[PDB]
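Have a look at entry_2.cif below; it lists mmCIF, C-alpha atoms.
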```cif
data_model
loop_
_atom_site.group_PDB
_atom_site.id
_atom_site.type_symbol
_atom_site.label_atom_id
_atom_site.label_comp_id
_atom_site.auth_asym_id
_atom_site.auth_seq_id
_atom_site.Cartn_x
_atom_site.Cartn_y
_atom_site.Cartn_z
ATOM 1 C CA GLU A 296 -125.397 -66.213 108.784
ATOM 2 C CA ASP A 297 -127.379 -63.058 109.320
ATOM 3 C CA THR A 298 -124.853 -61.680 111.828
ATOM 4 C CA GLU A 299 -123.414 -62.552 115.148
ATOM 5 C CA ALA A 300 -125.137 -59.704 117.004
ATOM 6 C CA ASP A 301 -128.218 -59.638 119.180
ATOM 7 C CA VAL A 302 -130.408 -56.989 120.810
ATOM 8 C CA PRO A 303 -132.246 -58.526 123.794
ATOM 9 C CA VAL A 304 -134.241 -56.692 126.433
ATOM 10 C CA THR A 305 -134.185 -56.411 130.240
ATOM 11 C CA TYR A 306 -136.723 -57.822 132.740
ATOM 12 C CA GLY A 307 -140.373 -57.114 133.263
ATOM 13 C CA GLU A 308 -142.242 -57.133 136.541
ATOM 14 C CA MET A 309 -145.451 -56.600 138.470
ATOM 15 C CA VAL A 310 -145.603 -55.711 142.175
ATOM 16 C CA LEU A 311 -148.772 -55.520 144.296
ATOM 17 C CA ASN A 312 -149.097 -51.760 144.554
ATOM 18 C CA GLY A 313 -152.307 -49.960 143.697
ATOM 19 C CA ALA A 314 -155.382 -52.005 144.528
ATOM 20 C CA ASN A 315 -153.888 -55.491 144.124
ATOM 21 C CA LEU A 316 -153.041 -55.280 147.836
ATOM 22 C CA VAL A 317 -156.658 -54.607 148.815
ATOM 23 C CA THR A 318 -157.868 -57.387 146.532
ATOM 24 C CA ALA A 319 -155.479 -59.836 148.196
ATOM 25 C CA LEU A 320 -155.716 -59.055 151.892
ATOM 26 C CA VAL A 321 -159.462 -58.357 151.892
ATOM 27 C CA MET A 322 -160.593 -60.132 148.769
ATOM 28 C CA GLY A 323 -159.008 -63.324 147.525
ATOM 29 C CA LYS A 324 -158.713 -62.729 143.788
ATOM 30 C CA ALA A 325 -155.785 -60.585 142.718
ATOM 31 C CA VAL A 326 -155.971 -59.567 139.053
ATOM 32 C CA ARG A 327 -152.696 -59.138 137.196
ATOM 33 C CA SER A 328 -152.767 -55.633 135.664
ATOM 34 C CA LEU A 329 -155.972 -54.840 137.551
ATOM 35 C CA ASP A 330 -156.205 -51.089 137.124
ATOM 36 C CA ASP A 331 -156.012 -51.121 133.347
ATOM 37 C CA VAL A 332 -158.795 -53.698 133.421
ATOM 38 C CA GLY A 333 -160.624 -52.030 136.291
ATOM 39 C CA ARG A 334 -160.906 -48.710 134.494
ATOM 40 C CA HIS A 335 -162.001 -50.384 131.288
ATOM 41 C CA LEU A 336 -164.642 -52.293 133.227
ATOM 42 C CA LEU A 337 -165.926 -48.834 134.081
ATOM 43 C CA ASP A 338 -165.496 -47.779 130.445
ATOM 44 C CA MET A 339 -167.294 -50.443 128.398
ATOM 45 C CA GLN A 340 -170.775 -49.886 129.847
ATOM 46 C CA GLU A 341 -170.921 -46.400 128.322
ATOM 47 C CA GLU A 342 -169.003 -47.553 125.180
ATOM 48 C CA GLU B 296 -193.434 -35.604 174.994
ATOM 49 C CA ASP B 297 -194.563 -35.926 171.407
ATOM 50 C CA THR B 298 -193.943 -34.917 167.753
ATOM 51 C CA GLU B 299 -190.239 -35.553 167.408
ATOM 52 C CA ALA B 300 -187.779 -35.199 164.548
ATOM 53 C CA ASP B 301 -186.455 -38.156 162.561
ATOM 54 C CA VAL B 302 -185.086 -38.757 159.062
ATOM 55 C CA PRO B 303 -187.627 -39.028 156.231
ATOM 56 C CA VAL B 304 -184.894 -39.987 153.791
ATOM 57 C CA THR B 305 -184.609 -43.736 153.581
ATOM 58 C CA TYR B 306 -181.353 -44.835 155.011
ATOM 59 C CA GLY B 307 -178.514 -44.141 152.630
ATOM 60 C CA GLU B 308 -177.211 -46.169 149.696
ATOM 61 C CA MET B 309 -174.913 -49.061 148.887
ATOM 62 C CA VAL B 310 -174.128 -49.259 145.185
ATOM 63 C CA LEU B 311 -171.704 -51.642 143.521
ATOM 64 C CA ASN B 312 -169.618 -48.895 141.964
ATOM 65 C CA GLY B 313 -166.076 -49.210 140.529
ATOM 66 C CA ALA B 314 -164.563 -50.199 143.851
ATOM 67 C CA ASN B 315 -167.016 -53.077 144.231
ATOM 68 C CA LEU B 316 -167.835 -53.748 140.567
ATOM 69 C CA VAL B 317 -164.249 -54.533 139.596
ATOM 70 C CA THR B 318 -163.899 -56.937 142.513
ATOM 71 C CA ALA B 319 -167.449 -58.149 141.932
ATOM 72 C CA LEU B 320 -167.196 -60.013 138.641
ATOM 73 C CA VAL B 321 -163.441 -60.474 138.288
ATOM 74 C CA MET B 322 -162.762 -62.278 141.550
ATOM 75 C CA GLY B 323 -166.180 -62.702 143.064
ATOM 76 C CA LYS B 324 -165.159 -60.596 146.057
ATOM 77 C CA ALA B 325 -167.356 -57.967 147.662
ATOM 78 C CA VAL B 326 -166.519 -55.488 150.400
ATOM 79 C CA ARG B 327 -168.951 -52.999 151.872
ATOM 80 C CA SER B 328 -167.388 -49.567 151.228
ATOM 81 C CA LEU B 329 -164.112 -50.730 149.693
ATOM 82 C CA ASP B 330 -163.215 -47.042 149.099
ATOM 83 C CA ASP B 331 -162.071 -46.032 152.578
ATOM 84 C CA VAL B 332 -161.075 -49.481 153.801
ATOM 85 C CA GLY B 333 -158.970 -49.795 150.696
ATOM 86 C CA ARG B 334 -157.620 -46.265 151.180
ATOM 87 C CA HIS B 335 -157.025 -46.522 154.944
ATOM 88 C CA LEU B 336 -155.429 -49.931 154.660
ATOM 89 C CA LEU B 337 -153.194 -48.567 151.919
ATOM 90 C CA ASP B 338 -152.134 -45.712 154.167
ATOM 91 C CA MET B 339 -151.555 -47.776 157.296
ATOM 92 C CA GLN B 340 -149.415 -49.862 154.963
ATOM 93 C CA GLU B 341 -147.276 -46.762 154.802
ATOM 94 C CA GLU B 342 -148.179 -46.177 158.524
#
```

Just give me the structure as structure tokens.
Amino acid sequence: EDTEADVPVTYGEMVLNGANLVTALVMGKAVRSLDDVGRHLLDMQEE
Amino acid sequence: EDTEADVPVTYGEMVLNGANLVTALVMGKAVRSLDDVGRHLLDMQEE
């Protein structure tokens, strides 16, 4: 026995807030964690 | 009634910038001027 004691965590989530809305009700594809990808898609081409 | 005044500049520009470009390759979606129509439809979302 290591112990009888545990440290879990609480929930995670994602809600359609920033541009995920616009990509769902105008476009069809809605990227999970879009804006962190969407910036970095504007970041890689200048490296 | 001759010699009028028109635009010499050829008519404007559509570029697939970060509004389009993110939606372009990731979902395959394209919206002409996604800037305002994303903005306005985010604001009418909050009325």

Check: Got a sec to pull out which chain B residues are within 7 Å of chain A, counting all atoms listed in the file, and send them as a count of residues only?
Finding: 5

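For the atom pair formed by atom CA of residue B:331 and atom CA of residue A:331, the distance is 20.8 Å, given to one decimal.
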
Item checked: Point-to-point distance from atom CA of residue B:315 to atom CA of residue A:327, Å rounded to tenths -> 17.1 Å

Write out the coordinates of chain B as a PDB file with C-alpha atoms, in the frame of the given file after a least-squares overlay onto chain A built on all ordered Cα pairs.
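Now in result10.pdb:
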```pdb
ATOM      1  CA  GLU B 296    -126.825 -64.788 108.898  1.00  0.00           C
ATOM      2  CA  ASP B 297    -125.411 -64.084 112.326  1.00  0.00           C
ATOM      3  CA  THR B 298    -125.052 -61.538 115.179  1.00  0.00           C
ATOM      4  CA  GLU B 299    -128.616 -60.373 115.611  1.00  0.00           C
ATOM      5  CA  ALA B 300    -130.299 -57.912 117.949  1.00  0.00           C
ATOM      6  CA  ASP B 301    -132.379 -58.975 120.946  1.00  0.00           C
ATOM      7  CA  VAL B 302    -133.356 -57.492 124.311  1.00  0.00           C
ATOM      8  CA  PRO B 303    -130.749 -57.638 127.091  1.00  0.00           C
ATOM      9  CA  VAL B 304    -133.257 -56.302 129.594  1.00  0.00           C
ATOM     10  CA  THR B 305    -134.962 -59.157 131.362  1.00  0.00           C
ATOM     11  CA  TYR B 306    -138.556 -59.268 130.402  1.00  0.00           C
ATOM     12  CA  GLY B 307    -140.518 -56.564 132.147  1.00  0.00           C
ATOM     13  CA  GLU B 308    -142.078 -56.498 135.608  1.00  0.00           C
ATOM     14  CA  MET B 309    -145.187 -57.574 137.473  1.00  0.00           C
ATOM     15  CA  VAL B 310    -145.445 -55.924 140.874  1.00  0.00           C
ATOM     16  CA  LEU B 311    -148.345 -56.190 143.292  1.00  0.00           C
ATOM     17  CA  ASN B 312    -148.934 -52.455 143.451  1.00  0.00           C
ATOM     18  CA  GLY B 313    -152.067 -50.659 144.740  1.00  0.00           C
ATOM     19  CA  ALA B 314    -154.308 -52.166 142.092  1.00  0.00           C
ATOM     20  CA  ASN B 315    -153.269 -55.689 143.067  1.00  0.00           C
ATOM     21  CA  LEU B 316    -152.263 -55.110 146.700  1.00  0.00           C
ATOM     22  CA  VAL B 317    -155.688 -53.865 147.766  1.00  0.00           C
ATOM     23  CA  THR B 318    -157.371 -56.849 146.131  1.00  0.00           C
ATOM     24  CA  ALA B 319    -154.542 -59.085 147.315  1.00  0.00           C
ATOM     25  CA  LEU B 320    -155.033 -59.181 151.072  1.00  0.00           C
ATOM     26  CA  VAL B 321    -158.573 -57.849 151.435  1.00  0.00           C
ATOM     27  CA  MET B 322    -160.368 -60.345 149.220  1.00  0.00           C
ATOM     28  CA  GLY B 323    -157.649 -62.724 148.169  1.00  0.00           C
ATOM     29  CA  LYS B 324    -158.177 -61.779 144.527  1.00  0.00           C
ATOM     30  CA  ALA B 325    -155.378 -61.195 142.049  1.00  0.00           C
ATOM     31  CA  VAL B 326    -155.556 -59.921 138.487  1.00  0.00           C
ATOM     32  CA  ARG B 327    -152.579 -59.495 136.199  1.00  0.00           C
ATOM     33  CA  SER B 328    -152.555 -55.786 135.264  1.00  0.00           C
ATOM     34  CA  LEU B 329    -155.766 -54.753 137.013  1.00  0.00           C
ATOM     35  CA  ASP B 330    -155.043 -51.132 135.950  1.00  0.00           C
ATOM     36  CA  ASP B 331    -156.184 -51.226 132.328  1.00  0.00           C
ATOM     37  CA  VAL B 332    -158.622 -54.113 132.643  1.00  0.00           C
ATOM     38  CA  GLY B 333    -160.211 -52.247 135.500  1.00  0.00           C
ATOM     39  CA  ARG B 334    -160.116 -48.998 133.511  1.00  0.00           C
ATOM     40  CA  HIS B 335    -161.299 -50.468 130.190  1.00  0.00           C
ATOM     41  CA  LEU B 336    -164.049 -52.469 131.827  1.00  0.00           C
ATOM     42  CA  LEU B 337    -165.147 -49.326 133.639  1.00  0.00           C
ATOM     43  CA  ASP B 338    -165.309 -47.456 130.351  1.00  0.00           C
ATOM     44  CA  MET B 339    -167.097 -50.152 128.372  1.00  0.00           C
ATOM     45  CA  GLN B 340    -169.526 -50.026 131.280  1.00  0.00           C
ATOM     46  CA  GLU B 341    -170.224 -46.540 130.025  1.00  0.00           C
ATOM     47  CA  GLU B 342    -169.709 -47.932 126.446  1.00  0.00           C
TER      48      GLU B 342
END
```

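Between atom CA of residue B:308 and atom CA of residue B:328 there is a distance of 10.5 Å.
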
Report, as lines of an AutoDock Vina configuration file, the axis-aligned box around all atoms of stretch 321-340 of chain B present in the file, extended by 3 Å on each side; give centre and edge lengths in Å to one decimal place.
```
center_x = -159.2
center_y = -54.2
center_z = 147.8
size_x = 25.5
size_y = 23.0
size_z = 25.0
```
